[PDB]
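Visitor: Quick one: experimental structure and sequence below.
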Amino acid sequence: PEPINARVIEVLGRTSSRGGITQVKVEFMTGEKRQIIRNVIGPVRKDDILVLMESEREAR
Amino acid sequence: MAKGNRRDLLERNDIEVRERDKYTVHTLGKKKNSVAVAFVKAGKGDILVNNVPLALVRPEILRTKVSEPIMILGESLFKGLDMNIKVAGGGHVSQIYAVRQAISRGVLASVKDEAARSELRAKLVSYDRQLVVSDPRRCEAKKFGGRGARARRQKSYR
Amino acid sequence: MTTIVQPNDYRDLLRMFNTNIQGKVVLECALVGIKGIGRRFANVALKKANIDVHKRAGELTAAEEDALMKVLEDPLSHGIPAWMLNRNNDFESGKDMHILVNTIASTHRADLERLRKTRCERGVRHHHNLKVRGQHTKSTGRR
Amino acid sequence: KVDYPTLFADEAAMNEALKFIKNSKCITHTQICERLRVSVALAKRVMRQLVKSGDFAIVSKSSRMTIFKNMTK
Amino acid sequence: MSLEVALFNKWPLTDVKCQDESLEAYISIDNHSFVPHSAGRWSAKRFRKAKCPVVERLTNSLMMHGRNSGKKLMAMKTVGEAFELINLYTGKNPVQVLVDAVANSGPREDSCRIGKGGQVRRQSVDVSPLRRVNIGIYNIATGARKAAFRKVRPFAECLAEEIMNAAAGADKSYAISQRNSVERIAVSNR
Amino acid sequence: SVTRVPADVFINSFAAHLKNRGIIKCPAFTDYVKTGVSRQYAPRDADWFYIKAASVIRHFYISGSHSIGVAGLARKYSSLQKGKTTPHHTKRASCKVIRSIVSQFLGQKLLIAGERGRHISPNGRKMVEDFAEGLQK
Amino acid sequence: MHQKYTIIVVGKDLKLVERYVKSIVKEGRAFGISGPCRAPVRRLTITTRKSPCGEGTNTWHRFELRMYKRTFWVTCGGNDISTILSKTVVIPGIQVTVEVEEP
RNA sequence: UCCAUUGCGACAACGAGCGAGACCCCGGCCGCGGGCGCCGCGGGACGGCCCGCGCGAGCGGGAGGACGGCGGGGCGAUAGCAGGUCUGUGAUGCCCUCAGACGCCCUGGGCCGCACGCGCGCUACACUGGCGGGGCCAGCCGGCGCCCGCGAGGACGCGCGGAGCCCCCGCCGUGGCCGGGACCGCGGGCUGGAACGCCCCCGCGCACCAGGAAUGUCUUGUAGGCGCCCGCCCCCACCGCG
């Protein structure tokens, strides 16, 4: 219910047609070290912080 | 009305010659089509543009932009000496930046211990780099395809 | 000016030359509501009258209303030049006059009457509704 | 649509135009226009009268915009 | 330090920060000159605008309209007026309010066209800090721009009201409404 | 000197002094003119003549020994013509007013002619500096 | 004896005009002549349609003619009427570089 | 791998060439000389240095530097189109005109004519504004004084010279109103052999409240906004090259 935030460890490059979206590998600095995947729109770089309204969702 | 390359300017034949020989230093600043010539000497903290003091300039909003080097560098140095800049070229803002560049270089040309000069250069460039290095970009020409450098006349396929 | 509260005689709507004028607009602009008057003519008219120009029109006392009227039917004699008049060399009088609302319709309507009998090129085009000047009409002004 | 005057009648230059602003802390010509539904010029005149009194002080002045503060509180 | 850059020679930048962490570093609050007019050749690299002083970013969007193109002096004057108004209503530093507002706007989710997505198949995705700040700024400026067209009151008052409301998070403001609409519609597609 | 004060204060103060001293007088034609083909309506103020005169004498002082003609003064009071469904263009002011002002100033010997145009005389410099210092504080 | 003379030089190529100069100045060291005053370049410009008719895309030619000018007037008293010819002969006459003289 | 048949490494192929790049003009930084007037000759930047990778060619990041990785233009391969041009020419083949002439010259008129469909543009829909006064800076480049006349312009006489936006002070105060200036009615002037052409003054004061289906251009001194010079030209720029 309470959106958390995740930090970027790396980047997996553009995927979506017409560019834009980029896959990413994040981890929860909430303390669980859950390395997962997500998609992002807009310029992004390493160490950036995202806001995830989902404690749990998967893409690929 | 003044081109910025005229011999009368880089020499400053405006000043009377007997006093001219006192202004040991010379300097230059620019931006776009705008030139600044600072003849500097010893004084008690005074400055002038085209026979105008520094406070009573037209950028009532950018007066601090002109004064920046004074505040970032301190006051005793500028109080030490005196100036009389002249400027000529396109626009108002261009002239403002030309002037501030000229002031920075001229005051920084006065010291004699190059270690102090380096320390001051480092202190100053940190705040901004364009107070010491001229801006290169300049107006780009236009082409006959349309009425602008890169834009083109609107094309109708039907 | 510096007038906050309304003058006891402040008149909210004024009538002149069969035209009605408001009492909240400034005087020089209000008079523009009439036909035959504009901004340039008006100031040159009020000023000769020793009238102020930045006073709301409704607060114009009655005495000023007449003298203002007097200098408007008798412009030239009061001094105003002959190049500030809407009618400079009348066809019959040869005079220099300034004509107003009751007259514009007649002097104009009577002008075209003279052009039809004279058979000028201009008069005919005033009939079928074309352009009297030399404007091109192939692709413009399409009703 | 909306009509506004430019000339108070006697008592409206006191019952509201003044009595109602003095409570305010910061005011402006257009604010007082939209509040009292009267055109701006009258607001300029009245504010001049007030600074003449001394209840308000200018903080930022300019042809486009000048604003005041209520010192009297 | 040696000098404090009192903005417009009134309000300082000392005890100022941002609460949110995601965009804390994408907001420059310390390299403000006395006047938000720098000839910096920003927008040259890909991430250099993240160092532009936030206020200059703000003013550079107030002259977006075609008629008002190339007019920065009026923009600086407008911004100064708005800052005085904010100080007079709130009593605190307007810069704090501006940063809080830019943080409280900006969507945290938006819909895009991923893969083939035939037949309007739009998935949901999260958003990067830079786009968040950009959209927040653009929304504030556009909201103030929409209120003051063919209206009596000036642009500055609308600007300041919008900014304070957004800092409050009230739905009454235009930016907050836009953000909520976008977030919700994207949730539908998630 | 004079350039150590903004023009706005100096111009108005000098014009008031001038009107008080009767140095120059508004002729009749000053009350129906529009001041330039560019301009659209006539001036609002009733004492613009004196302001213009003050500005002109200040301009003659600035140039010092250099000479100015009337038509060269008209190009410093130009503007932009509008209302023609056509791109705007720049136009020169009228020179009758300027001629009146310079002729009156010269009649008072504040302004000595040369080969071409006219240039300030030392009396004019004396007076201008005197008032400049008078308003300095 | 003494007359205060001027030398004009005109040309469209920069090489000969920079070669005539060296010869003349080398020849005049004794008579007291001094270097030139390189004058502003005169730029002739013509834009013409690249086609003899209106067709296709509208493409333009941009022709120009540069004219260079060097002026030695430093002979004067150092050179008399007859001695001027001494200087206008030893130089290497070039087929196109009009040089005019006028006190 | 490269923007690029640009390169590395192989192969019944070996060895070459054009095109590309190289090249020329412009500008940015520095040096020398010369000088009525800023104009002549040179230097400088090369994927050179550090770090990663990659046999390699080369890719990503960081430095110092005026400029950092094809900065803007010109030239532009083989082959071809029934593309346009006989109305540019003492460039032209074949036909037709050739003494009541399609030859050449003069007088008037037309190419501008208007119920209508659209292509490139200009002006506006206003307060991020309009009006009045004042202050003030460009570059391709460049001519001024005195006197009359509101102005446009005019009579004399000499060689001398730069604007809009913008900033400041005030008026207006949401009203198709001082926004907008089309249309039309007297008048004063210029050009020219001759106004149908062009300017100035007073008056009148059309639509127009951001524009549907459709669609165009654009990545740094760029878009957009503002104005200024030349071309044709007896007068005339909402056009075009800059």
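Guide: That came in fine, so what should we check first? Numbering: from 1, shown residues only, chains lettered A, B, ... in the order given.
Visitor: Mind checking what helix or strand follows the helix ranked longest in chain C in sequence?
Guide: Scanning chain C for the helix with the most residues, using DSSP state H, yields helix C:101-118. Counting by DSSP states H and E, the next helix or strand C-terminal to helix C:101-118 is helix C:121-128.
Visitor: Determine the angle, from 0 to 180 degrees, between that following helix and helix C:101-118.
Guide: Counting by axes from the mean of the first three to the mean of the last three Cα atoms, to 10 degrees, helix C:121-128 lies at 110 degrees to helix C:101-118.
Visitor: picking that back up, who are the packing partners of the longest helix of chain C?
Guide: The contact analysis (3 or more Cβ pairs under 8 Å, 6 or more residues apart in numbering or on different chains; DSSP states H and E) places helix C:101-118 against helix C:121-128. The C-beta positions use only the backbone N, C-alpha and C, and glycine is treated the same way.
Visitor: what's the helix it packs on in contact with?
Guide: The contact list for helix C:121-128 (Cβ atoms under 8 Å, 6 or more residues apart in numbering or on different chains) reads C:112, C:115-116, C:131-132.
Visitor: Buried only: go through these for me.
Guide: Among those, those classed as buried by 16 or more other Cβ atoms under 10 Å in any protein chain shown are residue C:115.
Visitor: Looking at chain B, which residue is nearest chain A?
Guide: At 23.1 Å from chain A, residue B:150 is the closest residue in chain B, using Cβ to the nearest Cβ.
Visitor: Next, count neighbours for that residue.
Guide: Applying other Cβ atoms under 10 Å in any protein chain shown, we find 9 residues neighbouring residue B:150.
Visitor: Would you mark the buried spots in stretch F:74-82?
Guide: Buried positions in stretch F:74-82, judged by neighbour count with 16+ other Cβ under 10 Å: F:74, F:77, F:81.
Visitor: what about stretch E:29-36, distance to the chain center?
Guide: Remark: stretch E:29-36 is offset 16 Å from the chain centroid, using Cα atoms, centre = their mean, to the nearest Å.
Visitor: right, is it up against RNA strand H?
Guide: No - judged by Cβ under 7 Å from any atom of the strand, stretch E:29-36 makes no contact with RNA strand H; its nearest approach is 13.1 Å.
Visitor: For that stretch, measure first residue to last.
Guide: Taking Cα to Cα, to the nearest Å, stretch E:29-36 runs 12 Å from one end to the other.
Visitor: what's it in contact with?
Guide: Applying Cβ under 8 Å, 6+ apart, the contact partners of stretch E:29-36 are B:61-62, B:64-65, B:68, E:5-9, E:13, E:16-18, E:51, E:53-56, E:59, E:76, E:79, E:95, E:99.
Visitor: got it, and stretch F:2-22?
Guide: Under the criterion Cβ under 8 Å, 6+ apart, residues B:51-53, B:56, F:24, F:47, F:50-51, F:53-55, F:57-58, F:61-62, F:128-129, F:131-132, F:135-136 lie in contact with stretch F:2-22.
Visitor: go on, stretch C:134-143?
Guide: If you take Cβ under 8 Å, 6+ apart as the criterion, stretch C:134-143 is touched by C:130-131.
Visitor: rerun at 10 Å
Guide: Identification of contacts with stretch C:134-143 by Cβ atoms under 10 Å, 6 or more residues apart in numbering or on different chains yields C:129-131.
Visitor: got it, and stretch E:69-81?
Guide: Stretch E:69-81 is contacted from outside by B:59-62, B:92-93, D:28, D:60, D:62, D:64-67, E:7-8, E:10-11, E:35-37, E:55-56, E:58-63, E:65, E:68, E:94, E:98, E:144, E:154-157, E:159-160, using Cβ under 10 Å, 6+ apart.
Visitor: try 6 Å this time
Guide: D:65, E:8, E:36, E:59, E:62-63, E:156 (Cβ atoms under 6 Å, 6 or more residues apart in numbering or on different chains).
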